[PDB]
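Only one chain is given next, in structure tokens, and it is the form deposited in one PDB entry.
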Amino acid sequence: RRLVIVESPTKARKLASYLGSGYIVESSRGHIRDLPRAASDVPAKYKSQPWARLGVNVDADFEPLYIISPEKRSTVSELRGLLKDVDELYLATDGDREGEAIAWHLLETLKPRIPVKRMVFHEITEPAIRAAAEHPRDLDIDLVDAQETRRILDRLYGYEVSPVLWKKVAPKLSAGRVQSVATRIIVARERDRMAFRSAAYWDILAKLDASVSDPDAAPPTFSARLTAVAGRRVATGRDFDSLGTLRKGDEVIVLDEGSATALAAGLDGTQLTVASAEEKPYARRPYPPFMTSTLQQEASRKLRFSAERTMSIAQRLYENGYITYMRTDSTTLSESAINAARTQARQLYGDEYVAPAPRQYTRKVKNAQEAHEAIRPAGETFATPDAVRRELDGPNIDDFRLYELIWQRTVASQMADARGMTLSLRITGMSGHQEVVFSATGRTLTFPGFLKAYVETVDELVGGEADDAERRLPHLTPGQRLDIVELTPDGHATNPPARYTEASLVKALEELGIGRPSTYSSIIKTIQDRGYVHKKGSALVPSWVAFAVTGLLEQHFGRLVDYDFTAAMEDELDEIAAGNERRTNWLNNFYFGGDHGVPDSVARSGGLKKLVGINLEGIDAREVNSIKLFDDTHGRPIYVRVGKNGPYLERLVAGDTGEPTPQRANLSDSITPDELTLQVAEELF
């Protein structure tokens, strides 16, 4: 008989049902080996090596020490029994570098003498599994070296950086490179909010009627806003910087309440005149099929799922044969999937809404072996979301919602474009002796197209307009008169930059090239668990400890938390996965120093060991645990310190001949860092 090893029991039962008899299917429950987690994990043979606890022999080309987990040994025993009376072996783990490394570890652990076959697949269906089992491929050692390079890199990073965090910030603080970079993103946005200063600006909102000079203009009444006063443009929210002063761009005029009421008063009684009216046709192409990044984003905005929950649901959907592999950076659809989406599309929305030619959204992927297709429904024919809503009855009651999202996205990717018109409106009038201009913008939707099947949701904090929202304006002619219904002077203020959500954080991690489909949700979940970041509604808010660690790394180990260097490291790991870079050369280069890599990187600056040593002794600590905020109304610098009791406020005041003497207050997590202003600081003292 034949043996087949997978990672989870569900995958094992499904593959067992599809392969039939003559195949035995067992799971390995994930990884069977790992680096030593304690001194007791080191076998007696390696206890003579002083590097065994670290598990990496940096002086022997980073030779790792792989030990079988104490709870996993029994599993291996079972796998060592089944291999006795079978005549063939099949490693059916996931096709990414994780699953390839699991396969490699299984080979090193079991050491089979019968032929070995690695079968890969990105959907669990009977045709795809039977096809994969009949056409195997060789074990990609480059993927194994990429995953292994990541593991060793993380072990060395923790080994070199964790003690710094224990001595300078707080013990029991777990280190983490990419986590500290994403934490730096969030801390940077919070700092931007703290330094922000609002600025006031005023305009005039007008309600205009056109049913007198055009007794059939729909809509009859529309809105317009003041844009110019006697040739000078009226300031808006975009004309100020983060400190509240006008930008060094075009010349504008800032209005207040008295000026706006004066202009509206001098405008009442008269009429306005249409100066310009321009309609431009536009077409909107459908959204690409889902990948991990876009799936987590849209699942967060529309379904309020966290990235972790999205990936859990998507894992259960994938292993049960409902969706394709959820860890992909590809938006490609095979011909059968395209034909399925076009069939369901024509069946549900009609022939005019189908794209007249099959649409392909092929983009550059990081590795052609790890990602084949997009996240889409599985099979030659897509299971209807109602049938899936029938089968998934019980504890998992959102899986049908995620599945329906994927289905609507996939079907909508093969539908027709969305036609419409965009409208520009320039109006003029006379307030006293000053000419005034009233602008109005419009946008219609003549044909919805794919928008009848899928519409992306706007980010909650960023705000904006959806792709199917209409701002309809009547058809007007240059020189047409308009009647004024109301003149309301309007006041506004510049708003601070928006906080990140999980969706906008995932988008940032992808744009900066810092995250991969395998790491988004783990980055978010990890930075939330370790206490660096918490949630206010849907906003990510950094704690003060996150300020302390981010400040330390920024001030003394800047290369570790630089965005471009981190993205470069991810690109080099990917280059190892493709066989263009070698694990040994990269690890020597990064740890001990070399001549390869982007300028001024850790590898080009002496390596990780020497840089952590040099930068560690190059500090005097002192204010590492102090986050400077501002000064008070007497000139005393106020800052926040993180101690055993948590975050507390501190300043320095004189103290009767024995001056100075510090003053401390206590603050909980109720006050976000941007709310802790000078007034709030004085109230808490």
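Sequential numbering from 1, following the sequence displayed. The term rigid core refers to the maximal set of C-alpha atoms that superpose within 1.5 Å between the two forms.
This next part talks about the form deposited in another entry, which is not shown.
Once the two forms are fitted on their rigid core, between the shown form and the other one the CA displacement reaches 2 Å or more only for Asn615 among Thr125, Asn615, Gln315, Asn588. Once the cores line up, the CA of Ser40 ends up less than 2 angstroms apart between the shown form and the other one. Relative to the superposed core, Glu659 shifts its CA atom by 2 Å or more between the shown form and the other one.
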